[PDB]
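Engineer: Input structure: data-v7.pdb, which contains PDB, C-alpha atoms and all ligand atoms.
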```pdb
ATOM      1  CA  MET A 376     176.709-139.086  63.355  1.00  0.00           C
ATOM      2  CA  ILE A 377     175.478-142.612  64.104  1.00  0.00           C
ATOM      3  CA  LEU A 378     174.101-144.239  60.981  1.00  0.00           C
ATOM      4  CA  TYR A 379     171.807-146.295  63.232  1.00  0.00           C
ATOM      5  CA  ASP A 380     170.211-143.141  64.656  1.00  0.00           C
ATOM      6  CA  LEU A 381     169.832-141.864  61.086  1.00  0.00           C
ATOM      7  CA  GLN A 382     167.945-145.051  60.236  1.00  0.00           C
ATOM      8  CA  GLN A 383     165.696-144.684  63.323  1.00  0.00           C
ATOM      9  CA  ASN A 384     164.961-141.035  62.462  1.00  0.00           C
ATOM     10  CA  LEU A 385     164.049-141.948  58.854  1.00  0.00           C
ATOM     11  CA  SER A 386     161.787-144.804  60.015  1.00  0.00           C
ATOM     12  CA  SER A 387     160.100-142.412  62.459  1.00  0.00           C
ATOM     13  CA  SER A 388     159.549-139.875  59.656  1.00  0.00           C
ATOM     14  CA  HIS A 389     158.061-142.592  57.408  1.00  0.00           C
ATOM     15  CA  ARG A 390     155.793-143.755  60.269  1.00  0.00           C
ATOM     16  CA  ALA A 391     154.529-140.182  60.654  1.00  0.00           C
ATOM     17  CA  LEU A 392     153.721-139.953  56.926  1.00  0.00           C
ATOM     18  CA  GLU A 393     151.900-143.295  57.093  1.00  0.00           C
ATOM     19  CA  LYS A 394     149.711-142.115  59.979  1.00  0.00           C
ATOM     20  CA  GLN A 395     148.941-138.858  58.110  1.00  0.00           C
ATOM     21  CA  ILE A 396     147.808-140.744  55.004  1.00  0.00           C
ATOM     22  CA  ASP A 397     145.784-143.047  57.256  1.00  0.00           C
ATOM     23  CA  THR A 398     143.911-140.060  58.717  1.00  0.00           C
ATOM     24  CA  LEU A 399     143.265-138.821  55.167  1.00  0.00           C
ATOM     25  CA  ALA A 400     141.824-142.270  54.405  1.00  0.00           C
ATOM     26  CA  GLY A 401     139.485-141.908  57.391  1.00  0.00           C
ATOM     27  CA  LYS A 402     138.313-138.496  56.185  1.00  0.00           C
ATOM     28  CA  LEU A 403     137.388-140.081  52.844  1.00  0.00           C
ATOM     29  CA  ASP A 404     135.547-142.908  54.581  1.00  0.00           C
ATOM     30  CA  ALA A 405     133.713-140.192  56.532  1.00  0.00           C
ATOM     31  CA  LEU A 406     132.733-138.372  53.333  1.00  0.00           C
ATOM     32  CA  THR A 407     131.613-141.601  51.686  1.00  0.00           C
ATOM     33  CA  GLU A 408     129.292-142.323  54.635  1.00  0.00           C
ATOM     34  CA  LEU A 409     127.872-138.788  54.460  1.00  0.00           C
ATOM     35  CA  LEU A 410     126.957-139.324  50.807  1.00  0.00           C
ATOM     36  CA  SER A 411     125.951-142.972  51.193  1.00  0.00           C
ATOM     37  CA  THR A 412     123.184-142.199  53.698  1.00  0.00           C
ATOM     38  CA  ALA A 413     122.042-138.922  52.149  1.00  0.00           C
ATOM     39  CA  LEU A 414     122.004-140.220  48.546  1.00  0.00           C
TER
ATOM     40  CA  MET B 376     179.453-136.245  51.164  1.00  0.00           C
ATOM     41  CA  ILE B 377     178.465-135.217  54.696  1.00  0.00           C
ATOM     42  CA  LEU B 378     176.078-137.733  56.203  1.00  0.00           C
ATOM     43  CA  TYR B 379     174.631-134.894  58.301  1.00  0.00           C
ATOM     44  CA  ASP B 380     173.683-132.932  55.174  1.00  0.00           C
ATOM     45  CA  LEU B 381     172.151-136.129  53.777  1.00  0.00           C
ATOM     46  CA  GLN B 382     170.015-136.374  56.910  1.00  0.00           C
ATOM     47  CA  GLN B 383     168.948-132.701  56.615  1.00  0.00           C
ATOM     48  CA  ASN B 384     168.051-133.167  52.931  1.00  0.00           C
ATOM     49  CA  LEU B 385     165.954-136.276  53.713  1.00  0.00           C
ATOM     50  CA  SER B 386     164.151-134.495  56.576  1.00  0.00           C
ATOM     51  CA  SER B 387     163.443-131.563  54.244  1.00  0.00           C
ATOM     52  CA  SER B 388     162.038-133.947  51.610  1.00  0.00           C
ATOM     53  CA  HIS B 389     159.816-135.631  54.232  1.00  0.00           C
ATOM     54  CA  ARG B 390     158.620-132.203  55.459  1.00  0.00           C
ATOM     55  CA  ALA B 391     157.643-131.319  51.885  1.00  0.00           C
ATOM     56  CA  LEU B 392     155.631-134.547  51.524  1.00  0.00           C
ATOM     57  CA  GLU B 393     153.896-133.863  54.846  1.00  0.00           C
ATOM     58  CA  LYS B 394     152.837-130.377  53.731  1.00  0.00           C
ATOM     59  CA  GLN B 395     151.557-131.790  50.406  1.00  0.00           C
ATOM     60  CA  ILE B 396     149.400-134.378  52.175  1.00  0.00           C
ATOM     61  CA  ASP B 397     148.200-131.636  54.524  1.00  0.00           C
ATOM     62  CA  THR B 398     147.000-129.550  51.562  1.00  0.00           C
ATOM     63  CA  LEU B 399     145.223-132.639  50.200  1.00  0.00           C
ATOM     64  CA  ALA B 400     143.531-132.960  53.604  1.00  0.00           C
ATOM     65  CA  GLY B 401     142.345-129.350  53.309  1.00  0.00           C
ATOM     66  CA  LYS B 402     140.914-130.000  49.844  1.00  0.00           C
ATOM     67  CA  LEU B 403     138.879-132.872  51.307  1.00  0.00           C
ATOM     68  CA  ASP B 404     137.668-130.689  54.166  1.00  0.00           C
ATOM     69  CA  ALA B 405     136.662-128.163  51.491  1.00  0.00           C
ATOM     70  CA  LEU B 406     134.703-130.793  49.555  1.00  0.00           C
ATOM     71  CA  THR B 407     133.019-132.050  52.714  1.00  0.00           C
ATOM     72  CA  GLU B 408     131.813-128.510  53.502  1.00  0.00           C
ATOM     73  CA  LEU B 409     130.499-128.101  49.945  1.00  0.00           C
ATOM     74  CA  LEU B 410     128.394-131.243  50.350  1.00  0.00           C
ATOM     75  CA  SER B 411     127.492-130.636  53.995  1.00  0.00           C
ATOM     76  CA  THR B 412     125.751-127.324  53.269  1.00  0.00           C
ATOM     77  CA  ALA B 413     124.230-128.309  49.928  1.00  0.00           C
ATOM     78  CA  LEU B 414     122.949-131.720  51.107  1.00  0.00           C
TER
ATOM     79  CA  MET C 376     177.988-148.567  47.963  1.00  0.00           C
ATOM     80  CA  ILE C 377     178.274-144.883  47.037  1.00  0.00           C
ATOM     81  CA  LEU C 378     176.478-142.725  49.570  1.00  0.00           C
ATOM     82  CA  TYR C 379     175.890-140.187  46.783  1.00  0.00           C
ATOM     83  CA  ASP C 380     173.988-142.757  44.707  1.00  0.00           C
ATOM     84  CA  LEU C 381     172.001-143.638  47.838  1.00  0.00           C
ATOM     85  CA  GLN C 382     171.042-139.975  48.157  1.00  0.00           C
ATOM     86  CA  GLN C 383     170.023-139.795  44.463  1.00  0.00           C
ATOM     87  CA  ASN C 384     167.925-142.971  44.796  1.00  0.00           C
ATOM     88  CA  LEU C 385     166.144-141.607  47.902  1.00  0.00           C
ATOM     89  CA  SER C 386     165.454-138.257  46.192  1.00  0.00           C
ATOM     90  CA  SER C 387     164.070-140.136  43.176  1.00  0.00           C
ATOM     91  CA  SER C 388     161.803-142.202  45.455  1.00  0.00           C
ATOM     92  CA  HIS C 389     160.558-139.028  47.195  1.00  0.00           C
ATOM     93  CA  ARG C 390     159.925-137.380  43.793  1.00  0.00           C
ATOM     94  CA  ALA C 391     157.821-140.389  42.781  1.00  0.00           C
ATOM     95  CA  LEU C 392     155.730-140.133  45.970  1.00  0.00           C
ATOM     96  CA  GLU C 393     155.235-136.404  45.371  1.00  0.00           C
ATOM     97  CA  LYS C 394     153.943-137.002  41.838  1.00  0.00           C
ATOM     98  CA  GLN C 395     151.583-139.735  43.125  1.00  0.00           C
ATOM     99  CA  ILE C 396     150.090-137.410  45.741  1.00  0.00           C
ATOM    100  CA  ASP C 397     149.818-134.723  43.062  1.00  0.00           C
ATOM    101  CA  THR C 398     147.737-137.049  40.866  1.00  0.00           C
ATOM    102  CA  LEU C 399     145.534-137.811  43.885  1.00  0.00           C
ATOM    103  CA  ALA C 400     145.082-134.045  44.295  1.00  0.00           C
ATOM    104  CA  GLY C 401     143.950-133.827  40.662  1.00  0.00           C
ATOM    105  CA  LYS C 402     141.420-136.621  41.180  1.00  0.00           C
ATOM    106  CA  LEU C 403     139.932-134.632  44.072  1.00  0.00           C
ATOM    107  CA  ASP C 404     139.807-131.476  41.968  1.00  0.00           C
ATOM    108  CA  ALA C 405     138.016-133.586  39.343  1.00  0.00           C
ATOM    109  CA  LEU C 406     135.459-134.814  41.883  1.00  0.00           C
ATOM    110  CA  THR C 407     134.911-131.306  43.220  1.00  0.00           C
ATOM    111  CA  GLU C 408     134.123-130.064  39.693  1.00  0.00           C
ATOM    112  CA  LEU C 409     131.696-132.956  39.151  1.00  0.00           C
ATOM    113  CA  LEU C 410     129.779-131.946  42.277  1.00  0.00           C
ATOM    114  CA  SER C 411     130.174-128.196  41.778  1.00  0.00           C
ATOM    115  CA  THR C 412     128.367-128.204  38.421  1.00  0.00           C
ATOM    116  CA  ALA C 413     125.786-130.859  39.278  1.00  0.00           C
ATOM    117  CA  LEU C 414     124.899-129.406  42.709  1.00  0.00           C
TER
ATOM    118  CA  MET D 376     175.244-151.408  60.154  1.00  0.00           C
ATOM    119  CA  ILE D 377     175.286-152.278  56.445  1.00  0.00           C
ATOM    120  CA  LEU D 378     174.500-149.232  54.348  1.00  0.00           C
ATOM    121  CA  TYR D 379     173.065-151.588  51.713  1.00  0.00           C
ATOM    122  CA  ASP D 380     170.516-152.966  54.189  1.00  0.00           C
ATOM    123  CA  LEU D 381     169.682-149.373  55.146  1.00  0.00           C
ATOM    124  CA  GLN D 382     168.972-148.652  51.484  1.00  0.00           C
ATOM    125  CA  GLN D 383     166.771-151.778  51.170  1.00  0.00           C
ATOM    126  CA  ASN D 384     164.836-150.839  54.327  1.00  0.00           C
ATOM    127  CA  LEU D 385     164.239-147.279  53.043  1.00  0.00           C
ATOM    128  CA  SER D 386     163.090-148.566  49.631  1.00  0.00           C
ATOM    129  CA  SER D 387     160.726-150.985  51.391  1.00  0.00           C
ATOM    130  CA  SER D 388     159.314-148.130  53.501  1.00  0.00           C
ATOM    131  CA  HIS D 389     158.803-145.989  50.370  1.00  0.00           C
ATOM    132  CA  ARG D 390     157.098-148.932  48.604  1.00  0.00           C
ATOM    133  CA  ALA D 391     154.706-149.252  51.551  1.00  0.00           C
ATOM    134  CA  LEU D 392     153.821-145.539  51.373  1.00  0.00           C
ATOM    135  CA  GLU D 393     153.239-145.836  47.619  1.00  0.00           C
ATOM    136  CA  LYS D 394     150.817-148.739  48.086  1.00  0.00           C
ATOM    137  CA  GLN D 395     148.967-146.803  50.828  1.00  0.00           C
ATOM    138  CA  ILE D 396     148.499-143.776  48.571  1.00  0.00           C
ATOM    139  CA  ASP D 397     147.401-146.134  45.794  1.00  0.00           C
ATOM    140  CA  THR D 398     144.648-147.559  48.020  1.00  0.00           C
ATOM    141  CA  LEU D 399     143.575-143.994  48.852  1.00  0.00           C
ATOM    142  CA  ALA D 400     143.376-143.356  45.096  1.00  0.00           C
ATOM    143  CA  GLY D 401     141.090-146.385  44.745  1.00  0.00           C
ATOM    144  CA  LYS D 402     138.819-145.116  47.521  1.00  0.00           C
ATOM    145  CA  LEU D 403     138.440-141.841  45.608  1.00  0.00           C
ATOM    146  CA  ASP D 404     137.686-143.695  42.384  1.00  0.00           C
ATOM    147  CA  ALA D 405     135.067-145.614  44.384  1.00  0.00           C
ATOM    148  CA  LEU D 406     133.488-142.393  45.662  1.00  0.00           C
ATOM    149  CA  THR D 407     133.505-140.857  42.192  1.00  0.00           C
ATOM    150  CA  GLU D 408     131.602-143.877  40.825  1.00  0.00           C
ATOM    151  CA  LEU D 409     129.069-143.643  43.667  1.00  0.00           C
ATOM    152  CA  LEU D 410     128.342-140.027  42.735  1.00  0.00           C
ATOM    153  CA  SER D 411     128.632-140.532  38.976  1.00  0.00           C
ATOM    154  CA  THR D 412     125.800-143.080  38.851  1.00  0.00           C
ATOM    155  CA  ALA D 413     123.598-141.471  41.498  1.00  0.00           C
ATOM    156  CA  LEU D 414     123.954-137.906  40.147  1.00  0.00           C
TER
HETATM  157 CU    CU A 501     161.764-141.220  52.758  1.00  0.00          CU
END
```
Is it possible to give me this structure as structure tokens?
Structural biologist:
Amino acid sequence: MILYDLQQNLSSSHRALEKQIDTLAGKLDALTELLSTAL
Amino acid sequence: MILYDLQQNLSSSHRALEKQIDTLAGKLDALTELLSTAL
Amino acid sequence: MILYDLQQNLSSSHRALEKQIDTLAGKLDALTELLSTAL
Amino acid sequence: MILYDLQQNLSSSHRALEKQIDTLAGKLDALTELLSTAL
């Protein structure tokens, strides 16, 4: 068990979460455009 | 305290967060369908 | 530095993130009700 | 590898995720205002 690897694994997991939330942000931007042009 | 267990616990916590965000994504897809057919 | 404390701190941080995402989920449920009755 | 640094790095990563989710919350508040005045 290399603590350094553990740190790299955790950072990789946090990066994945970040990207997921970012795609959720884009879906909300998408919705807001849908409404902004229709309404 | 087994560092390996600590790593498995952290990975399990990150997996749970991922699934939670995924369900939030599905709720937004749901909303976007609601509006897309009504509007 | 007690690895056990480190684990409890991390779990507490993940719990806080979970609750935050949960409140975001509730805001989306709120929006979906707003639209579902108006539309 | 200083376990303390590892802890500070993890806390910094969790803080970044928190702020990201917070900005997503603000985008949803923004959308809800858009609809609340138009509808
Ligand atoms: Cu984490």
Engineer: Please superimpose chain C on chain A using every C-alpha atom, paired by order, in a least-squares fit, and write the moved chain as a PDB file with C-alpha atoms, in the coordinates of the input.
Structural biologist:
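Ended up saving to superposed-v6.pdb:
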```pdb
ATOM      1  CA  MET C 376     176.709-139.086  63.355  1.00  0.00           C
ATOM      2  CA  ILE C 377     175.477-142.612  64.104  1.00  0.00           C
ATOM      3  CA  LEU C 378     174.101-144.239  60.981  1.00  0.00           C
ATOM      4  CA  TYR C 379     171.807-146.295  63.231  1.00  0.00           C
ATOM      5  CA  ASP C 380     170.211-143.141  64.656  1.00  0.00           C
ATOM      6  CA  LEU C 381     169.832-141.864  61.085  1.00  0.00           C
ATOM      7  CA  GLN C 382     167.945-145.051  60.236  1.00  0.00           C
ATOM      8  CA  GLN C 383     165.695-144.684  63.322  1.00  0.00           C
ATOM      9  CA  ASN C 384     164.961-141.035  62.462  1.00  0.00           C
ATOM     10  CA  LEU C 385     164.049-141.948  58.854  1.00  0.00           C
ATOM     11  CA  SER C 386     161.786-144.804  60.015  1.00  0.00           C
ATOM     12  CA  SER C 387     160.100-142.412  62.460  1.00  0.00           C
ATOM     13  CA  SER C 388     159.549-139.875  59.656  1.00  0.00           C
ATOM     14  CA  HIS C 389     158.061-142.591  57.407  1.00  0.00           C
ATOM     15  CA  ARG C 390     155.792-143.754  60.269  1.00  0.00           C
ATOM     16  CA  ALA C 391     154.529-140.182  60.655  1.00  0.00           C
ATOM     17  CA  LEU C 392     153.721-139.953  56.926  1.00  0.00           C
ATOM     18  CA  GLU C 393     151.901-143.295  57.094  1.00  0.00           C
ATOM     19  CA  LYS C 394     149.712-142.115  59.979  1.00  0.00           C
ATOM     20  CA  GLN C 395     148.941-138.858  58.109  1.00  0.00           C
ATOM     21  CA  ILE C 396     147.808-140.744  55.005  1.00  0.00           C
ATOM     22  CA  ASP C 397     145.784-143.047  57.256  1.00  0.00           C
ATOM     23  CA  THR C 398     143.911-140.060  58.716  1.00  0.00           C
ATOM     24  CA  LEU C 399     143.265-138.821  55.167  1.00  0.00           C
ATOM     25  CA  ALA C 400     141.825-142.271  54.405  1.00  0.00           C
ATOM     26  CA  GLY C 401     139.485-141.908  57.392  1.00  0.00           C
ATOM     27  CA  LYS C 402     138.314-138.495  56.185  1.00  0.00           C
ATOM     28  CA  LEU C 403     137.388-140.081  52.844  1.00  0.00           C
ATOM     29  CA  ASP C 404     135.548-142.908  54.582  1.00  0.00           C
ATOM     30  CA  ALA C 405     133.712-140.192  56.532  1.00  0.00           C
ATOM     31  CA  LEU C 406     132.733-138.372  53.334  1.00  0.00           C
ATOM     32  CA  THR C 407     131.614-141.601  51.686  1.00  0.00           C
ATOM     33  CA  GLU C 408     129.292-142.323  54.634  1.00  0.00           C
ATOM     34  CA  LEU C 409     127.871-138.788  54.460  1.00  0.00           C
ATOM     35  CA  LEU C 410     126.957-139.324  50.807  1.00  0.00           C
ATOM     36  CA  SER C 411     125.951-142.972  51.192  1.00  0.00           C
ATOM     37  CA  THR C 412     123.183-142.199  53.698  1.00  0.00           C
ATOM     38  CA  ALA C 413     122.042-138.922  52.148  1.00  0.00           C
ATOM     39  CA  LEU C 414     122.004-140.220  48.545  1.00  0.00           C
TER      40      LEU C 414
END
```
Engineer: I need the residue set behind the PyMOL selection byres (((chain C and resi 376) around 10) and not hetatm) for this file; please write it as a PyMOL selection string.
Structural biologist: (chain C and resi 377-381) or (chain D and resi 377-379+382)
Engineer: List the spatial neighbours of residue 406 in chain C as a ChimeraX atom specification - criterion: any atom at most 10 Å away, only C-alpha atoms, same-chain residues fewer than 2 positions off excluded.
Structural biologist: /B:406 /C:400-404,408-411 /D:403-404,406-408,410-411
Engineer: Give as a list in words the residues that the PyMOL selection byres (((not hetatm)) within 9 of (chain A and resi 501)) matches when applied to the coordinates above.
Structural biologist: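 This file gives the following for the PyMOL selection byres (((not hetatm)) within 9 of (chain A and resi 501)): residues 385, 386, 388 and 389 of chain A; 385, 386, 388 and 389 of chain B; 385, 386, 388 and 389 of chain C; 385, 386, 388 and 389 of chain D.
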Engineer: Kindly give the distance, in Å, that separates CA of residue 397 in chain B and CA of residue 392 in chain C, rounded to a single decimal.
Structural biologist: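 So the two atoms, CA of residue 397 in chain B and CA of residue 392 in chain C, lie 14.2 Å apart.
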Engineer: Report the distance between CA of residue 414 in chain B and CA of residue 414 in chain C in Å, rounded to one decimal place.
Structural biologist: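 Between CA of residue 414 in chain B and CA of residue 414 in chain C the gap is 8.9 Å.
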Engineer: CA of residue 398 in chain D and CA of residue 390 in chain A are how many Å apart?
Structural biologist: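 Between these atoms lies a distance of 17.0 Å.
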Engineer: My list of candidates is C:405, C:396, C:413, C:391. Which is closest to chain B when distances are computed with only C-alpha atoms?
Structural biologist: C:396
